[PDB]
Amino acid sequence: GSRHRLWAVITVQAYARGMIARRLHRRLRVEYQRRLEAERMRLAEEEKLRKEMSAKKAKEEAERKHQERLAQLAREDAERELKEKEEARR
Amino acid sequence: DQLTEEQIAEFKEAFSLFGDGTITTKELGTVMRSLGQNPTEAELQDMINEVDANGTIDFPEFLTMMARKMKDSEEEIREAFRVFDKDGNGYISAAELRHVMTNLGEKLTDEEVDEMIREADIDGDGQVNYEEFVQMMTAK
């Protein structure tokens, strides 16, 4: 009766270590999925920040290009003012 | 038979959780069991002496180790637990079981039995039925 009892203590011990590991596995697996979806947030908001910066760059260039075009049209109006003055000469 | 792509994928998931790209021999035990295996540490040392001089196991080696060791159940652990139900009533003292594992056979640490008994703590009446264990241990 003594050897089968030692087969029994080792058998329960081996099956024990398996359950502990599968519990741990579930913990590791859930920990990874947790950190991942959170990291999916952490990267999505990284892409959104790049988008906000792009819009700011688009706003900055809009006023720059718009003002550059007005430089030409202000030239036109001042030029017309003198030509009208030259036409007032003759 | 050869391990299907489903199995190899499941195995890579386990192996990867343990950034070396190879697993230690100590972790090797835990990785094999996490994939449904239940070997004793005796069976482990034979397999680790078979492929070390290195010091570690990588996934291909690990797959050959998962090919080497293979399970041909719930009756074996029931009968192993039957040796604990001295009454044959189907129940076993928690305290008695704790004394068996820690000091007899494969010495489990106070951590290890605490984890086994941690969920058992919900069961604890001083004595505990093993059917809650047989179900918990078998489930993956």
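### What to know about the overall build of chain A
On a plain count of helices and strands, chain A comes out with one helix and zero strands. The principal-axis extents of the C-alpha atoms in chain A amount to approximately 135 × 10 × 5 Å.

### Describing the overall build of chain B
Along chain B, the regular secondary structure elements total eight helices and four strands. Starting at the N terminus and walking to the C terminus, you meet the elements of chain B as α-β-α-α-β-α-α-β-α-α-β-α.

### Observations regarding the interface of chain A and chain B
At the junction of the two partners, chain A supplies 25 residues and chain B supplies 31 residues. When its residues are assigned to classes, the side of chain A that touches chain B shows 14 nonpolar, five polar and six charged.

### Some details on the packing of aromatic side chains
Residue and element names in this part refer to chain B. Their ring planes at 55° and their centres at 5.4 Å tell us that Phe15 and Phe62 sit as a pair that is tilted. Ring centres of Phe81 and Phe84 lie 6.2 Å apart, and the angle between their planes is 65°; on these two criteria the pair is classed as edge-to-face. Among the aromatic residues, ring-to-ring pairing joins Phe81, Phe84, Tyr130 and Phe133 into one connected group.

### As for helix α6 (residues 94-103) of chain B
Its side-chain oxygen at 3.3 Å from the backbone nitrogen of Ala95 of chain B, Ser93 of chain B defines the N-terminal cap of α6 of chain B. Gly105 of chain B lies just past α6 of chain B and shows a positive phi near 70°.

### Some thoughts on the domain arrangement of chain B
By a widely used convention, the size of an interface equals the accessible area lost when the partners come together. One can read the domain layout of chain B as domain 1 (1-70) and domain 2 (71-138). The C-alpha centroid of domain 2 of chain B is placed 26 Å from the C-alpha centroid of domain 1 of chain B.

### Side note on the packing of helix α1 (residues 2-87) of chain A against helix α2 (residues 25-34) of chain B
As a packed pair, α1 of chain A and α2 of chain B sit with axes 8 Å apart at the nearest point and diverge in direction by 80°. With respect to α2 of chain B, the element α1 of chain A is oriented roughly perpendicular. Residues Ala14, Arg17, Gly18, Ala21, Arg22 and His25 of chain A of α1 of chain A form the contact with α2 of chain B, whose own contacting residues are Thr30, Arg33 and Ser34 of chain B. Residues of the contact of α1 of chain A with α2 of chain B, tallied by class, amount to two nonpolar, four polar and three charged.

### With respect to the side chain of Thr40 of chain B
Inspection of the secondary structure assignment puts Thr40 of chain B in the loop between α2 and α3 (41-50). Within polar-contact distance, the side chain of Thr40 of chain B engages the side chain of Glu106 of chain B at 2.7 Å. For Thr40 of chain B, the residues in contact, after removing those within four places along its chain, are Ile10 and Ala14 of chain A together with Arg33 and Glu106 of chain B.

### A word on the side chain of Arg33 of chain B
Here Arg33 of chain B is to be found in helix α2. At 2.5 Å, the side chain of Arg33 of chain B and the backbone oxygen of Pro39 of chain B are in polar contact. Look past the residues within four positions of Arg33 of chain B in its chain and what remains in contact with it is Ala14, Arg17, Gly18, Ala21 and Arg22 of chain A together with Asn38, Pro39, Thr40 and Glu41 of chain B.

Rules and cut-offs
Residues numbered from 1 in each chain as written, not as in the entry; some residues may be left out. Chains lettered and ligands numbered in written order. Heavy atoms only, no water. Residues with missing side-chain atoms left out of burial classes, pairs and counts. Helix = DSSP H or I, 4+ residues; strand = E, 2+ residues; numbered from the N terminus. Contact = heavy atoms within 4.5 Å. Nonpolar A, V, L, I, M, F, W, Y, C, P; charged D, E, K, R; others polar. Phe/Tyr/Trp six-rings, centres within 6.5 Å; stacked < 30°, edge-to-face > 60°. Polar contact = N/O pair within 3.5 Å; in protein donor to acceptor, adjacent residues only side chain to side chain. Domains from an automatic or database assignment. Axes fitted to C-alpha atoms, helices over the stretch in contact; angles between N-to-C directions. Parallel < 35°, antiparallel > 145°, perpendicular 65-115°, else oblique.

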